[PDB]
Structure formats: C-alpha cells, structure tokens
Amino acid sequence: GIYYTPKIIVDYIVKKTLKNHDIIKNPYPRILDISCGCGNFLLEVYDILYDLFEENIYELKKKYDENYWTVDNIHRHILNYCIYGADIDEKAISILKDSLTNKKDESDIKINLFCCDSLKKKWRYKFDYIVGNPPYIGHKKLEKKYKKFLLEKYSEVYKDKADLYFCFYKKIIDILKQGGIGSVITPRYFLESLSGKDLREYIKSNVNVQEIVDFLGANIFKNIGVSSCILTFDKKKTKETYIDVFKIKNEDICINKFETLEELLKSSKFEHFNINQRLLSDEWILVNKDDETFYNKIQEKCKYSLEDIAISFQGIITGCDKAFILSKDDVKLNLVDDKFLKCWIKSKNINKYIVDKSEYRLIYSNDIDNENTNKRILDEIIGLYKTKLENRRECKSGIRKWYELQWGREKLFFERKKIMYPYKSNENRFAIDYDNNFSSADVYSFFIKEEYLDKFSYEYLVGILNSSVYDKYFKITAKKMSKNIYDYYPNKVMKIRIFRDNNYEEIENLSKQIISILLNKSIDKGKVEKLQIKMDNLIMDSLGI
DNA sequence: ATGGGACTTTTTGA
DNA sequence: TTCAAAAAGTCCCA
Ligand SMILES: Nc1ncnc2c1ncn2[C@@H]1O[C@H](CSCCCCNCc2cccc(-c3ccc(Cl)cc3)c2)[C@@H](O)[C@H]1O
Ligand SMILES: [K+]
Ligand SMILES: [K+]
C-alpha cells in the first residue's frame, strides 16, 4: 500500500526543486506532494523551508511586516501557506498531520492535507513546486470502473496498456504554476515503452525537462521488482531547452555509497550527456554522442527493416498452462492422440542460432471436436482445471469452450521454418526453429515473406541479429526492464533495420558453420566464438563502424 | 532473515 | 474475431 523511497533520493528531489528559491522575492511558495503518504517528502520540505526562512528572517522582517516575520512564527507560516499534501489513505494523512504538528495549543493551526483521490480532486489553485512518488498500477491490477474513468478523463496520456502513474504526470503538469518546478520518481518504462508515447508527447510539449536520472535495472526500492527514474521539469521561459541525462553504468552498486545522490551522479558510476528536447521524436533516444553516431550509421546504411521482410506473431496463450502443458514423459499423454500434441518450448530453451530439444508437450485442444468422442482427455487431464478455465474471459462470454485454448493462434504459423527469440533476455538470442516448435507468449516468432526469400535467408538473419553489433544496436532503443533484462517484443524487434551487401555470402557461410557446430554431438563451442568474432568484423566493416 | 540470480502467465484493451 | 502489451515482476536459495 505504501512504499518508502530511500532518504538519499527524497533529499535529492527536494533539493532539486528548492535549492535556488528566492525566499525574499516570494516568501509564499506552495510545495505539493500529490501522493504524500506518511510524509516522506513533505517532512523534508519542512526542514528545508525552515532553514530558508530562518536564514533570511531579518531581511524578511525589514522588507515586509516586522511583527509577522519572526523566528517564532516560521512554523505557523510554513503550515498555513507552504506545505500541501494529498493522499487516498486516511491513516497516512493522520500520521503526517501529527508529524507536521510535532515539528514545534495556541490557536488551531490549519494544515493543508487532503484525503482524496488526487486524480479526481478539483484543485482550486496551481503550485510553485511539486515533488513525490506517485502510485504505479498496471492494466491488470487496476479496477475496471476506475479504468473507464481514466480512459475518459485522461485520454491524452492514458490508453490501452498504460499505467496509473501516467495520469499523475498529467495532473502534476496541469496544476504546476508558470515558472514552477516539478521533480518526481516514477518507473523508467514510459521513457521507451509503446504505451508511453502519448505521455512522452505530453511532457515534451508542455514542460521543459531539466534532468533525467535513469537507474536502469538497479534496485532502488528494496524487495520491489521495479526500475526507476527521476524526472525534473519546469514551466520557465527558456530558449535553450537542453536535458541533463544521468545514466547509471554499474547496475550492482549500492545507493548508500555516498552521503548524497549528487555525489553518485558526478562519479564514475554514472555517465552524463545532453539531449536537445527540440530534437526528440515520438521516441526519446537518450544516448551519448558515440552511441548516437553508432545508431545513426546503422539506420542510414540499412535499407530494410524486419517488419518489411518478415511476418511477426506472438505465441500461444492457453489461458491456463497447467491444464494443457505436460512433460513429454508424463503417462497421461498416452490418453492423447499424437495428432493433438505439439512440441512446447520456453524462453530458456532459445539459444543463439538454435533451440534446445523440447521437454514439454501442448495439447492443441481446439482440434477436439466434441466432448463425447474424447471424454477421457477432458475428464482426466484438462478437466482438472475446469473451474479456472471457465473463468477465462472468452469462456464466460461463450466465445470459447471451457476446454479450448484461449488464444490458439494459427497452427500453420508455427508448423514451419521460422526464427524464435525470448520475450525478455539479457542479450540477442535469435534461433532458427527446424522442429515446428510451439510456445507461449514468452517466445516470439517470425518468418520471412515469400517475396524476400531471394534477398534474405534465415541463416543470414540469425548471423547478424546475434552479432555483438546488433546486440548493442538493439539495446540503444530497447526497453530496459530489470537487472540484465531487456524486453524483446515485436513493437521494437520488428523495427530493427537490416542490410545486404558484398559481405552477405561470407556472413551467411559463417552462420552455417556456427549452426553446424552447435548441432553436433561433441560441440566445440570454442570455434563458435572465433567464427562469431570473424562475423562481427565483417558486419562492422559492412556498416562502417 | 535479506539480497541476488534464473526465469517468465494470462489478463486485457483494442 | 483475434491481435499483442504489460514488470511497484515472481520465486528460490544461500
Ligand atoms: N488516487 C490516489 N490519489 C492520491 N493518492 C494516492 C492515490 N492512489 C494511491 N495513492 C497514495 O500513493 C501513496 C504512495 S504510492 C503507493 C500506492 C499504491 C496503491 N496501489 C497499490 C495496491 C493496489 C491494490 C491493492 C494493494 C494491496 C493491498 C493490500 C496488501 Cl496486503 C497488498 C497490496 C496495493 C500511498 O500512500 C497511496 O495512499
Ligand atoms: K518593513
Ligand atoms: K530493479
């Protein structure tokens, strides 16, 4: 329900928004945490504000009402005019209310804490500074009634498989004063994900993004499987609009290495570079100049993309794998006619250039005509999960029989020579499938269009796609998920661009040698690495890198 | 107990 | 009718 941001990050975000505030010019700054919780950020905002007022108390006393601006009145002034908080949890608000009160009855000091849905509250005024950590809820874990509200009221950033924190970005931007500064920590995925395209467009066209701190797959929150970034933006009048990008280099480092986050950012554990916000396309390609030069060379040289030459499709989605997937040595497969059985592989079975021998079998239950002819299969294998199967969406609507696969796709797409790759991996692993392998959605497949078979072969494609060049090339724009894991999904894999030049024959021949060695009984993996090194040199020569 | 590594389902909107 | 996206991942062990 409540997640605690590390103190080093909270202090960095508060200092990011307030360290250059001119309290003399504006002694009434409105600082808001829209998901304040117990007050991780607001309590630190109090301390920073208190030092700001006390350090200039005599200048304020001289410039303004001398009786009002006293050290004894700082506590009341902060709570009345400066600190604002909102959270849906009553108990967190009550705890934060006590913590703010205990920072110092005389007369009923009013604290601007609201217990509400920040996405529904009618905010009466805008704010100078906004900080905090919004909630993250995906499309599966969000209520259907609430999602209808979000789709209707937040359609500028929320669509399809978008996340809840997209709307908080929109709300924070909307209620930020002109010239104000916002700084939040959110998941990093919107920086590259397809769902975040509208959100990226909304941020780019409404605020100046001062800084992006990208932690990639490092674990910022303990015992939480999320990858985080810090976004700092303003609504100031500026003409340069360049972004400071801090991208981590070592994902295993501990965040408490230094007393402050800015020490870590300046260190060798991070890299810094600048991106012109006016040059951002629908995609935000945030890489240094060497990588940008590398990426642009490959883009310009290559004339084809995988989408042009290939047909992509996602694997089987049974809707209940335990009901339809069995070990190939399971005795219950004696009850199933071999015409119903398909080879079944997982992502771990995909290597470079080849697929491991399958150990599981899929019951393609869609080919079972009626319940009477194959009652034994239904009663003894599939029916053990009938209650769970009946709860699938297409079963409740009558589109699918209780024993059918939820998304059985087309058999002919799988029962052919094709290339398969895992949906999440640390490296490029594209394999030729010779054995008509089926898979779940953790493996993606594609086959070459007929009109392009004379230009590109499967052996050539796996040669370049598994090379170190294309491993680096794909990861420049790929979606970073967690420690040493990128998404390998068609929405980016099919955008990979490929080339064809005088090195085609030698590259294809080297790949065939690698494939031949990998399929032998006594595999000498040593020569495979040497052949791969030779191929990488050819590809680098081909692409002029 | 916590931190780190291998591995990855099916619900869901369109 | 039927596609493909989505980690506040999930789980195990030292
Ligand atoms: N709409 C909101 N408006 C304002 N504040 C808001 C709004 N949502 C959230 N918060 C605040 O964000 C603040 C910080 S982010 C964290 C909020 C995530 C809430 N979802 C996650 C979630 C959804 C469903 C069930 C559960 C759940 C229940 C019980 C158990 Cl054992 C385990 C899990 C959790 C928090 O203190 C929140 O009170
Ligand atoms: K005065
Ligand atoms: K992480």
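In what follows, every chain begins at residue 1, and chains take the letters A, B, ... in the order their sequences are listed.
Residue A:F313 is in sugar-phosphate contact alone, with no base atom involved, counting any heavy-atom pair closer than 4.0 Å across all strands shown. A:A162 comes within 4.0 angstrom of nothing in the nucleic acid, heavy atoms only. Nucleic acid contact for A:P187: none, since no nucleic acid atom lies under 4.0 Å from a heavy atom of the residue. Using a 4.0 Å heavy-atom criterion, one finds that A:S312 contacts the sugar-phosphate atoms exclusively. Counting non-hydrogen atoms under 4.0 angstrom, A:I485 reaches a base of the nucleic acid.
Applying the 4.0 Å criterion to OP1 and OP2 of C:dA5, one finds that A:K479 has every side-chain N and O outside that range. Not one side-chain nitrogen or oxygen of A:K159 sits closer than 4.0 Å to the OP1 or OP2 atom of B:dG13. Neither OP1 nor OP2 of C:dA7 sits under 4.0 Å from any side-chain N or O of A:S482. A:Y444 has a side-chain polar atom (N or O) that falls below the 4.0 Å cut-off from OP1 or OP2 of C:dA5. Residue A:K141 places at least one side-chain N or O under 4.0 Å from the OP1 or OP2 atom of C:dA8.
Contact annotation: side chain of A:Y136 to base of C:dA7, donor-acceptor pair absent below 3.5 Å. In terms of polar N and O atoms assigned as donor or acceptor, the side chain of A:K140 comes within less than 3.5 Å of the base of B:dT9 in a complementary pairing. With hydrogens and angles ignored, no donor-acceptor pair closer than 3.5 Å exists between the side chain of A:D163 and the base of C:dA5. Between the base of B:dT8 and the side chain of A:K348 there is no donor-acceptor pair shorter than 3.5 Å.
Here the closest non-hydrogen pair linking A:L119 and A:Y154 is O-OH, 2.7 Å. When all heavy atoms of A:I517 and A:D524 are compared, the pair lying nearest together is CG2-O, 3.5 Å.
In this structure, the aromatic ring of A:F221 is not positioned over the six-membered ring of the base of C:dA8 within 5.5 Å between centres and 30° between planes.
Checking A:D471 against A:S468 by side-chain atom types alone, no donor-acceptor pair falls below 3.5 Å. Inspection of the A:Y489 and A:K479 side chains reveals no N or O donor paired with an N or O acceptor under 3.5 Å.
Here C:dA5 has a south sugar; its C1'-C2'-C3'-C4' angle has a minus sign.
Distance check on atom P: C:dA7 versus B:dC7 gives 23 Å, rounded to whole Å. Comparing C:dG9 with C:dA5, their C1' atoms sit 15 Å apart, to the nearest whole Å. Using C1' as the reference atom, C:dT10 and C:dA6 are 15 Å apart when rounded to the nearest Å. As rounded to the nearest Å, B:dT10 and C:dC12 have P atoms that lie 16 Å from one another.
Annotation: cation-pi geometry satisfied between A:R416 and A:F447 (NZ/CZ under 6.0 angstrom from ring centroid, within 45° of ring axis).
A:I382 places a side-chain heavy atom less than 4.5 Å from the side chain of A:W402.
Here C:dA8 presents its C1' atom at 13 Å from CD1 of A:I220, a figure rounded to the nearest Å. In this structure, A:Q406 atom CD and B:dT9 atom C1' are separated by 11 Å, rounded to whole Å. Taking atom CG of residue A:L164 and atom P of nucleotide C:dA7, one finds them 13 Å apart after rounding to whole Å. The interatomic distance linking A:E390 (CD) with B:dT11 (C1') rounds to 18 Å, in whole Å. Distance NE2 (A:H139) to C1' (C:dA5): 6 Å, rounded to an integer number of Å. C:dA7 atom P lies 10 Å from atom CZ of A:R188, rounded to whole Å. In this structure, the OH atom of A:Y488 is 15 Å from the P atom of C:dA5, given to the nearest Å. Between A:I137 atom CD1 and B:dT12 atom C1' there is a gap of 16 Å when expressed in whole angstrom units.
Against DNA chain C, the stretch residues 407-420 of chain A makes heavy-atom approaches under 4.0 Å through A:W407, A:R409. A heavy atom closer than 4.0 Å to some atom of DNA chain C occurs in A:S193, A:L194, A:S195, these being the qualifying members of residues 192-205 of chain A.
Side-chain N or O atoms of A:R400 include one that pairs as donor or acceptor with a backbone N or O of A:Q406 at under 3.5 Å. Between the side chain of A:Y488 and the backbone N or O of A:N426, no donor-acceptor pair lies under 3.5 Å.
Nearest-nucleotide mapping onto DNA chain B: of A:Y489 and A:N484, the residue sitting toward the 5' end is A:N484. For the pair A:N491 and A:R393, nearest-nucleotide mapping onto DNA chain C gives the more 5' position to A:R393.
You'll find that the side chain of A:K424 is closest to C:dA7, out of C:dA4, C:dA7, B:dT10. Relative to the side chain of A:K147, the nucleotides B:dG13, B:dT9, C:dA8 differ in distance, and B:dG13 lies closest. Considering only the side chain of A:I224, C:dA8 comes nearest among C:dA8, C:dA7, B:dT11. Nearest nucleotide to the A:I317 side chain, out of C:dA8, B:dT11, B:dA14: B:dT11. When distances are taken from the side chain of A:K161 to each of B:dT12, B:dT9, B:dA14, the shortest belongs to B:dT12. Across B:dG13, B:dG5, B:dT8, the shortest atom-to-atom separation from the side chain of A:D442 is found for B:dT8.
Look at A:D282 and A:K197 and you find no salt bridge, because none of the NZ, NE, NH1 or NH2 atoms lies under 4.0 Å from a carboxylate O.
When each of A:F190, A:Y136, A:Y158 is checked for a ring pair (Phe, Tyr, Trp, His ring centres under 6.0 Å) with A:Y169, only A:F190 meets the rule. Among the candidates A:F446, A:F438, A:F413, A:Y444, the single residue satisfying the ring pair (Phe, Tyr, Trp, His ring centres under 6.0 Å) test with A:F313 is A:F413.
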Review point. How is the base pairing of DNA chain C summarised as a dot-bracket string, given the Watson-Crick and G-U wobble criteria with both distances under 3.5 Å, [ ] for crossing and | for another strand?
Key: .||||||.||||||
